[PDB]
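# Before I ask anything, here's the sequence and the deposited coordinates:
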Amino acid sequence: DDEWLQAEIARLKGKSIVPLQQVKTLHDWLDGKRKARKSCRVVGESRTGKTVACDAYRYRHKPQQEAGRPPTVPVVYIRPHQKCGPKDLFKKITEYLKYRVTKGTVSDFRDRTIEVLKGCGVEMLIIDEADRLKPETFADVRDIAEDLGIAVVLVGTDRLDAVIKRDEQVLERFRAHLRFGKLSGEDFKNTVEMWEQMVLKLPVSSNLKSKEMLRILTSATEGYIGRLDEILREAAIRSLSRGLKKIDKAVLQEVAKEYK
Amino acid sequence: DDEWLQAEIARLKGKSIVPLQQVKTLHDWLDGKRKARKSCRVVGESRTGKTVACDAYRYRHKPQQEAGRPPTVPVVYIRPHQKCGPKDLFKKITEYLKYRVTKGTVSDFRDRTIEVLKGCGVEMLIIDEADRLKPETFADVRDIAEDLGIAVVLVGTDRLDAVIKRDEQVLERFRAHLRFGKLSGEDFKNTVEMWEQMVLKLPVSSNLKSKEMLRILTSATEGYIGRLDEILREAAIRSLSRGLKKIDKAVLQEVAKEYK
Amino acid sequence: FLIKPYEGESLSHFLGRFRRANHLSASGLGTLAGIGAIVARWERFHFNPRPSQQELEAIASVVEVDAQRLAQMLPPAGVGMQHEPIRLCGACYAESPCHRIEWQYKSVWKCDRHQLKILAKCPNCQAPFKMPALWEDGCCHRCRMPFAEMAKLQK
Amino acid sequence: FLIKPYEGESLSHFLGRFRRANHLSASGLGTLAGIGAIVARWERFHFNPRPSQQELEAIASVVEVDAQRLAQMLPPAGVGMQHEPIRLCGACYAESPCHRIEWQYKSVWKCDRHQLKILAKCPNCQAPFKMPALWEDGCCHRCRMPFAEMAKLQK
Ligand SMILES: Nc1ncnc2c1ncn2[C@@H]1O[C@H](COP(=O)(O)OP(=O)(O)OP(=O)(O)O)[C@@H](O)[C@H]1O
Ligand SMILES: Nc1ncnc2c1ncn2[C@@H]1O[C@H](COP(=O)(O)OP(=O)(O)OP(=O)(O)O)[C@@H](O)[C@H]1O
Ligand SMILES: [Mg+2]
Ligand SMILES: [Mg+2]
Ligand SMILES: [Zn+2]
Ligand SMILES: [Zn+2]
């Protein structure tokens, strides 16, 4: 049973991807923008679930490689680090395509990245956390989208909109957006129940997400998917650590007051 | 029909060049400046259509090459990348003329570029996105226009005017300008109808760009040619994806609200 | 990315072309092959210590071209060559875009195939040609005249 | 603050170690010795112009190590060395925390004392070693593995 407990805590520590309507709308919109090479910018709140949805859109088109030609990668997903320069961004582009870089100038990196970007037939350039990179690199991404005809999606918090607003071309070129919703409503309750069935993966104790539990989780998460995930995982792990088979009211109260 | 649908979506993804009065004024002005080797600077808004018009002025004078002498290129079009240094710019000049570079110092690149620039008898130096290159390169372009007698057109957004204003010589030498218009008016309606006939290339369903459609497109594009192109292409592709033979009102409403 | 040699291609030209296909510096290719600075020496046609069997086999392992074929990118035994000037037949380059090792033979002044004097500098602007490993495009690095077009100015 | 050289220590390693003990930049040590930029050249193992008697005696005056002993931080006459790659025996470093000039000898690939191949980059993360003057701590600058622990990964 101790081995089972370790397996349970390890599984609860690891996060999963429950496909819900938010990510469904997102990759539908992404496919629409991809079929037309339309460069947009998906925006949303923090801790709301944009990175996971972009990740899912990345894995669904797992590149299928030919026997002797470069693997064709339709969707490129990048999350450049803080104050990412042009050399760093190009390094990341050519590294995701599995082309190790060669020491050289910024022009050399640009040329190699362009070569490998046309070579693999890339369709999408998903730049998550697009509020980190310097504005001397937005010209480079503009040139990529202009000449190579690759639909670029700039992903980030609402601060990304402020970052691009002070610029001139990047704001006009990247204007289509898809704001991530708050999810509050009956769909939120559906989310809680679906999470209970799938992610918790606990024996059926008929918790059913009663009205009191819904009120506690509404007061706790404030609509955030990430907060919901964190609270659910913390409550499950705390119940399993103290021997409780299911999740009681005291643990939700404890985790809710610990958050707020 | 599926093959026809793929052909239609591929054609709609690809952009075209409808010749309208804006580009007509532009290449008339460009020919006037070329016949006198007068270095000017065409300026305008973003996503308004200056790059395409300069491109058209580039292709119209397709270089005619002699049997055994270098091809004579009358118009040179360049779009230097972000923070383009002098070596990078010279590389681009000699690369467009189809003279591959040889490793060396900046002086070597300058000498080779000057040699190939007088060799091909170039008349125009069209520097699009002329707000990207460093100000240590404006001295080089000044020297080119001074000694080689080549009319240089600095193309870029209104930020290019601010970039050149802080400098002394480049502002005085490059003072003639041609601001790109907003196009709003009855000429805008003519643009919509002409686009419908040519670029959409759809069967005649008598859409005729009715008053409601004109109001929606005026509210959407705000006068931009690029926004008009994007909205029209997105609406056409969305109608063709859902089986609709022509473009309905719902798709324009969807794309308009998705933009604003 | 592997490349097939062109017939007659010089070792310097081939090494640089392999490096460009793989975004490698000369030092990077040297480390991949385990021989370091030797690569850059060969690229500048400096073989005071002639290429050894072990060095040729080390490069052969990376580029997947046998040492015997690599030796045909150098003059045969007893054939003197020059590291300078780097020379060119533009008519040859138009047919096959490489520098030929024969153009560095001390005894060679005319292309036999084209019956033209070979060039020791750009005939348009007089810029000398770089070492063949650095022939990134087929054009004069100064004036940008294509090597293939220089055929028209050969005598 | 004066430092006694370690046996076999390279000139680059010794210069940097002296500078760290005295919070000196390479230019600062050069000005103290009256020879300026020469210090940084030696730290990167650049001696196309070999160290002169006057230059060695100028450094000797500051560090209080005789020019003859400083010359033993360089290869003997006729022994070729390489500025790159910088190499390391981790088992040696565990015994005496310095870079040895012998590790830059072109003929050296194995440590005689430890009968191990010497390292040309970190065996944990593959980061090349910096010039020995910059070996501030005894660890890989990237992954932070101690040089002494790299002995366990030597072959
Ligand atoms: N479809 C999903 N399935 C499961 N969990 C999800 C999903 N979408 C989001 N999450 C959860 O959201 C949290 C993090 O979301 P994500 O990293 O995508 O945020 P984001 O919206 O990109 O925001 P930020 O910019 O603040 O990082 C995690 O707890 C993750 O489990
Ligand atoms: N004459 C034209 N015919 C067809 N489409 C045009 C024409 N002029 C502009 N466009 C459209 O304008 C959009 C981009 O225009 P262009 O690249 O020329 O902009 P620009 O004015 O140079 O601005 P920016 O500096 O912001 O890139 C495209 O959608 C293109 O189809
Ligand atoms: Mg995120
Ligand atoms: Mg433009
Ligand atoms: Zn020939
Ligand atoms: Zn040892």
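Arrived safely. Numbers count the residues shown, from 1 in each chain, chains lettered A, B, ... in the order given. Ligands and ions are numbered 1, 2, ... in the order given.

# Can you show me the helices along the chain?
No chain in the question, so chain A it is. For chain A, applying DSSP state H gives helices covering A:2-13, A:21-35, A:50-60, A:86-96, A:106-119, A:135-147, A:158-165, A:169-173, A:186-195, A:211-221, A:225-241, A:249-259.

# Oops, wrong one, chain C.
For chain C, the helices defined by DSSP H occupy C:11-22, C:26-33, C:38-43, C:53-63, C:67-71, C:90-95.

# on that earlier part again, the helices of chain A: which one's closest to residue C:79?
Nearest to residue C:79, of all these, is helix A:106-119, at 35.5 Å by Cβ to Cβ. To be clear about C-beta, it is placed using only N, CA and C from the backbone, and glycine gets the same treatment.

# check contacts around the closest residue to residue C:46 other than its chain neighbours.
Closest residue to residue C:46 in three dimensions, ignoring its sequence neighbours and counting by Cβ to Cβ, 6 or more residues apart in numbering or on different chains: residue C:83, at 6.4 Å. Contacts for residue C:83 (Cβ atoms under 8 Å, 6 or more residues apart in numbering or on different chains) come out as C:44, C:45, C:46, C:104.

# burial measure for the second one, as a count.
A total of 20 residues lie near residue C:45 under the criterion other Cβ atoms under 10 Å in any protein chain shown.

# What residue in chain A comes nearest to ligand 2?
Of chain A, the residue with the smallest distance to ligand 2, taken as Cβ to the nearest ligand atom, is residue A:169 at 4.8 Å.

# Most neighbours among the contacts of residue C:83, which one?
With neighbours taken as other Cβ under 10 Å, the top of these is residue C:104, carrying 23 neighbours.

# mind listing what it touches?
Residue C:104 touches C:10, C:45, C:75, C:81, C:82, C:83, C:86, C:87, counting by Cβ under 8 Å, 6+ apart.

# Can you report how many residues lie near the fourth one?
When neighbours are defined as other Cβ under 10 Å, residue C:81 has 17 of them.

# For it, list each beta-bridge partner.
With DSSP bridges as the criterion, residue C:81 is bridged to residue C:105.

# picking up where we left off before, and which of the contacts of residue C:83 is nearest ligand 5?
Nearest to ligand 5, judged by Cβ to the ion, of the contacts of residue C:83 is residue C:104 at 14.2 Å.

# Please determine how far that closest one is located from residue B:89.
33 Å (Cβ to Cβ, to the nearest Å).

# can I assume residue A:76 is in contact with residue A:95?
No. Using Cβ atoms under 8 Å, residue A:76 is not in contact with residue A:95; the gap is 10.8 Å.

# Comparing these two, which residue is more hemmed in?
Using other Cβ under 10 Å, the more surrounded residue of residue A:76 and residue A:95 is residue A:76, with 21 against 14.

# what's across from that one in the sheet?
Bridge pairing for residue A:76 - DSSP bridges - gives residue A:125.

# quick one: contacts for it?
Per Cβ under 8 Å, 6+ apart, neighbours of residue A:76: A:93, A:96, A:97, A:122, A:124, A:125, A:126, A:150.

# in chain C, what residue is nearest ligand 1?
For chain C, Cβ to the nearest ligand atom, closest residue to ligand 1: residue C:23, 32.4 Å.

# and that residue, how far is that from ligand 5?
Per Cβ to the ion, to the nearest Å, residue C:23 is found 31 Å from ligand 5.

# coming back round to it: okay, the contacts of residue C:104 in TSV with distance to residue A:1 next?
Below are the contacts of residue C:104 laid out as TSV (distance: Cβ to Cβ, whole Å):
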residue	distance to residue A:1
C:10	73
C:45	75
C:75	79
C:81	80
C:82	82
C:83	78
C:86	78
C:87	82
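
# for those residues, which one is nearest ligand 2?
Closest to ligand 2 out of the contacts of residue C:104 is residue C:86 (41.8 Å), distances taken as Cβ to the nearest ligand atom.

# Now that residue C:154 has come up, it's in contact with residue C:90, right?
Yes. Counting by Cβ under 8 Å, residue C:154 does reach residue C:90; the two are 6.0 Å apart.

# Now for these two: what residues contact both?
By Cβ under 8 Å, 6+ apart, residue C:154 and residue C:90 have these common neighbours: residue C:119.

# and residue A:77, how many residues sit next to it?
Residue A:77, neighbours per other Cβ under 10 Å, totals 19.

# One more: residue A:68?
Residue A:68, neighbours per other Cβ under 10 Å, totals 5.

# Quick one: name the residues of chain C near chain B.
When proximity is defined by Cβ under 8 Å from any Cβ of the partner chain, chain C lies next to chain B at C:122, C:124-125, C:127, C:129-131, C:134-147, C:149, C:152.

# can you do 7 Å?
C:124-125, C:127, C:129-130, C:134, C:136-146, C:149, C:152 (Cβ under 7 Å from any Cβ of the partner chain).

# Kindly give a single PyMOL line that selects the buried subset of the residues you listed.
The following PyMOL line selects those of the residues of chain C next to chain B that are buried, judged by 16 or more other Cβ atoms under 10 Å in any protein chain shown:
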select buried, chain C and resi 124+125+127+129+130+134+136+137+138+139+140+141+142+143+144+145+146+149+152
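
# Now, the residues of chain C next to chain B that are in strands?
Judged by DSSP state E, the subset of the residues of chain C next to chain B located in strands is empty.

# Would you mind writing the CA trace of stretch A:25-42 as PDB?
This file holds the C-alpha atoms of stretch A:25-42, laid out as PDB (Å, rounded to 0.1, in the frame of the first residue of the first chain):
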ATOM      1  CA  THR A  25     -11.600  27.000 -29.300                       C
ATOM      2  CA  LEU A  26      -7.900  27.700 -29.200                       C
ATOM      3  CA  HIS A  27      -6.700  25.000 -31.600                       C
ATOM      4  CA  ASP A  28      -9.700  25.500 -33.900                       C
ATOM      5  CA  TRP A  29      -8.600  29.200 -34.200                       C
ATOM      6  CA  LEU A  30      -5.000  28.100 -34.500                       C
ATOM      7  CA  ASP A  31      -5.900  25.700 -37.400                       C
ATOM      8  CA  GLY A  32      -7.800  28.500 -39.000                       C
ATOM      9  CA  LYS A  33      -4.900  30.800 -38.800                       C
ATOM     10  CA  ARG A  34      -2.500  28.100 -40.000                       C
ATOM     11  CA  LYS A  35      -4.500  27.200 -43.100                       C
ATOM     12  CA  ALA A  36      -4.100  30.900 -44.200                       C
ATOM     13  CA  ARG A  37      -0.700  31.700 -42.800                       C
ATOM     14  CA  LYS A  38      -2.400  34.500 -40.800                       C
ATOM     15  CA  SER A  39      -0.100  35.800 -38.000                       C
ATOM     16  CA  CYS A  40      -2.200  36.600 -34.900                       C
ATOM     17  CA  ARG A  41      -1.600  37.000 -31.200                       C
ATOM     18  CA  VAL A  42      -3.500  35.000 -28.600                       C
END
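
# I'm done for today, thanks for sticking with me.
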